[PDB]
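**Q** this one's experimental. Sequence and coordinates below.
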Amino acid sequence: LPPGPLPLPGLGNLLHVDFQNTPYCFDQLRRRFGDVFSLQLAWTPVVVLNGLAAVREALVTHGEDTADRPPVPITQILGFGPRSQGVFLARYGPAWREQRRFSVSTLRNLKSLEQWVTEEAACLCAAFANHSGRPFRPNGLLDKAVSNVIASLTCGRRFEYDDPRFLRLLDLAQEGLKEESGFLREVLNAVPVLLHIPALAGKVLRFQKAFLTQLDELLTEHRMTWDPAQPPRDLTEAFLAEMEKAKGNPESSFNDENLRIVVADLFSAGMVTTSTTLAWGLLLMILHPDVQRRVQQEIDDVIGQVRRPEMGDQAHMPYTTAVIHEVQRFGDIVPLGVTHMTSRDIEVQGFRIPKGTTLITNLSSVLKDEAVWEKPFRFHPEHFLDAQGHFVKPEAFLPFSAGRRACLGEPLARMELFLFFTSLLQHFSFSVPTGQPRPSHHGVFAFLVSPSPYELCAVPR
Ligand code: HEM
Ligand SMILES: CSc1ccc2c(c1)N(CC[C@H]1CCCCN1C)c1ccccc1S2
Ligand code: NA
């Protein structure tokens with residue numbers, strides 16, 4: 001029932017959409033066909049969901065029937081199997097629930113973690129300071145800091161900012177991540193041209209393949225040293241202990257094939273999502289020093305200029321919390337979220353969506369819904385503050401989406417964000433370089449929006 005552009009025969013309408021700037025075209029279609037609209041990519045049926053109401057209805061109200069994930073043809077090059085699907089793209093079932101339940105459970109046992117982020121935050125602060133006067137791109141440093149946190153939890157160790165193996169991981173990660181979006185990936189899935197045609201099959205997802213084999217290196221290295229008599233200190237070990245405990249049946253999702261994919265899912269996700277947000281954070285603090293100052297004093301009032309920040313401070317810091325949430329909302333890191341699929345027929349905003357329809361939850365249309373925020377497209381921290389200035393998180397705040405598939409990294413993310421953000425502003429003040437012009441608000445698109453290239457200088461307080 002949703003209204004869609006007519007699909008030209010053969011390729012469908014995958015021409016009509018620009019996959020190197022997707023969020024734009026989905027907005028340009030939302031203005032003719034309205035809030036809910038549907039497009040055909042070749043055989044595949046799709047129904048883009050825009051605005052809070054339409055999203056919440058599918059993911060929460062009809063959540064039990066939209067938790068599944070649509071199949072990806074091009075995954076074959078990675079070598080995915082029903083046996084090993086990881087978490088991120090695994091189909092709604094026991095294999096997914098096992099790894100999902102294992103993931104969040106294992107992170108919790110691994111206060112202790114709280115201290116570890118601040119430790120890493122130091123090494124970051126230092127790296128920052130070591131360029132006191134000169135302008136520099138903080139994107140790369142943040143990437144390293146955040147990556148060491150998720151590395152600890154999963155690989156048991158942290159890496160030096162100079163380590164070649166480490167920097168190669170980071171690079172492949174960001175490049176692999178771009179691969180997720182584009183023209184070639186979408187059209188490959190649709191038609192069997194990918195198969196038995198090495199020329200394209202090789203080029204697409206290439207970096208991710210290079211990324212995984214650099215992970216397998218780290219894993220086999222890590223596996224070789226795993227001593228069973230020692231309780232797990234990292235997820236890899238914890239997983240290995242499960243592979244031992246569950247050697248009984250080959251049906252279990254705990255296997256060598258899954259280990260690399262699961263660890264990849266968590267390791268990669270922690271690496272870029274938080275780090276990009278922190279890049280947006282610093283940016284919005286140099287283009288809005290007025291907001292930067294207010295936070296900076298609040299820090300001094302509660303935390304102080306001398307002791308490292310602790311999660312227990314967030315409670316007593318309404319502005320810093322509202323800014324961060326605003327940074328995420330405005331940042332709009334993951335515009336179209338992650339593709340969903342209907343397990344059965346459902347109804348959204350009147351229209352009726354048939355089973356097997358790929359769903360695209362446009363979180364941007366929610367994070368910036370006109371009927372919710374007072375100043376949607378402007379950086380307005382007061383979107384999370386009431387009359388007496390107490391923090392309040394609105395429903396429409398869904399940077400982590402919602403439903404059974406909602407981000408299982410939110411707790412970690414929340415922890416990482418607040419601790420890194422405050423630790424930075426506490427010991428530093430960030431301004432645009434004197435000579436340099438105003439850096440753009442707008443963000444480049446590579447599946448996830450990132451702050452357009454910019455520089456800043458960091459000076460102690
Ligand atoms: C600012 C930080 C982050 C943002 C904005 C974010 C956002 C998202 C979004 C939009 C989804 C899709 C939800 C859906 O399918 O409806 C998702 C899923 C997921 N995220 Fe994140 N995430 C962040 C951090 C993390 C971290 C730190 C981890 C792991 C350490 C992580 C791991 C995952 C996993 C495994 C899934 C898939 C879960 C499933 O499919 O059941 N994320 N996240
Ligand atoms: C919120 S959607 C999101 C957010 C951050 C990342 C990614 C997706 N992925 C996908 C995970 C991928 C990892 C390999 C095994 C199969 N799985 C699905 C990614 C892909 C490639 C490089 C970096 C990353 S980090
Ligand atoms: Na993929």
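**A** Sure, I can see it. Residues are numbered from 1 along each chain as shown. Ligands and ions are numbered 1, 2, ... in the order given.
**Q** from residue 369, how far out is the closest residue to residue 368 other than its chain neighbours?
**A** Closest residue in space to residue 368, ignoring its immediate chain neighbours: residue 376 at 4.7 Å, by CB to CB, 6 or more residues apart in numbering. (Each C-beta comes from the backbone N, C-alpha and C, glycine too.) Distance, residue 376 to residue 369, by CB to CB, to the nearest Å: 7 Å.
**Q** surely the residue nearest to residue 368 is in contact with residue 370?
**A** Yes. The pair residue 376 and residue 370 passes the contact test of CB atoms under 8 Å, sitting 5.8 Å apart.
**Q** contacts only, for the residue in the chain that ligand 1 sits nearest to.
**A** The chain approaches ligand 1 most closely through residue 409 (2.2 Å), counting by CB to the nearest ligand atom. For residue 409, the contacting residues are 266, 269-270, 273, 400, taking CB atoms under 8 Å, 6 or more residues apart in numbering as the criterion.
**Q** I'd like to know how far it sits from residue 271.
**A** Between residue 409 and residue 271 the distance is 11 Å, computed by CB to CB.
**Q** next: residue 182.
**A** Relative to residue 271, residue 182 is positioned 20 Å away (criterion: CB to CB).
**Q** next one: residue 333
**A** With distances taken as CB to CB, residue 333 is found 13 Å from residue 271.
**Q** do the same with residue 284
**A** Applying CB to CB, one obtains 21 Å for the distance of residue 284 from residue 271.
**Q** neighbour count for the two, which is higher?
**A** residue 271 (23 against 20; other CB atoms under 10 Å).
**Q** which strand or helix spans the more buried one?
**A** Under DSSP states H and E, the secondary-structure element containing residue 271 is helix 256-286.
**Q** check residue 388 too.
**A** When secondary structure is defined using DSSP H and E, no element contains residue 388, which sits outside every helix and strand.
**Q** can you tell me how far it is from residue 318?
**A** According to CB to CB, residue 388 and residue 318 sit 9 Å apart.
**Q** next one: residue 52
**A** For residue 52, the distance to residue 318 under the criterion CB to CB works out to 24 Å.
**Q** which of those two has more neighbours?
**A** residue 52 (21 against 18).
**Q** so who does the more buried one touch?
**A** If a contact means CB under 8 Å, 6+ apart, then residue 52 has 365-366, 369, 371-372, 395-396, 398 as its contacts.
**Q** what's the closest of these to residue 225?
**A** The nearest member of the contacts of residue 52 to residue 225, counting by CB to CB, is residue 398 at 40.9 Å.
**Q** could you pull up phi and psi at the closest one?
**A** phi -130, psi 60 (degrees, to the nearest 10).
**Q** that one - how many residues pack around it?
**A** 23.
**Q** quick check, it in contact with residue 366.
**A** Yes. A contact is recorded between residue 398 and residue 366 when judged using CB under 8 Å, the distance being 5.2 Å.
**Q** so what sits against both of the two?
**A** A shared contact of residue 398 and residue 366, defined by CB under 8 Å, 6+ apart, is any residue touching both; here these are 52, 55.
**Q** about what we covered before: quick one: the residue nearest to residue 368 from ligand 2, how far?
**A** 22 Å (CB to the nearest ligand atom, to the nearest Å).
**Q** and for residue 60?
**A** Using CB to the nearest ligand atom, residue 60 is found at 18 Å from ligand 2.
**Q** contacts only, for that residue.
**A** When contacts are taken as CB under 8 Å, 6+ apart, residue 60 is in contact with 402-403.
**Q** can you pull the residues of the stretch 101-250 of the chain lying near ligand 1?
**A** Counting by CB under 6 Å from any ligand atom, the residues of the stretch 101-250 of the chain lying close to ligand 1 are residue 150.
**Q** my guess is residue 254 contacts residue 248. True?
**A** No. The pair residue 254 / residue 248 is not scored as a contact, 10.4 Å apart, by CB under 8 Å.
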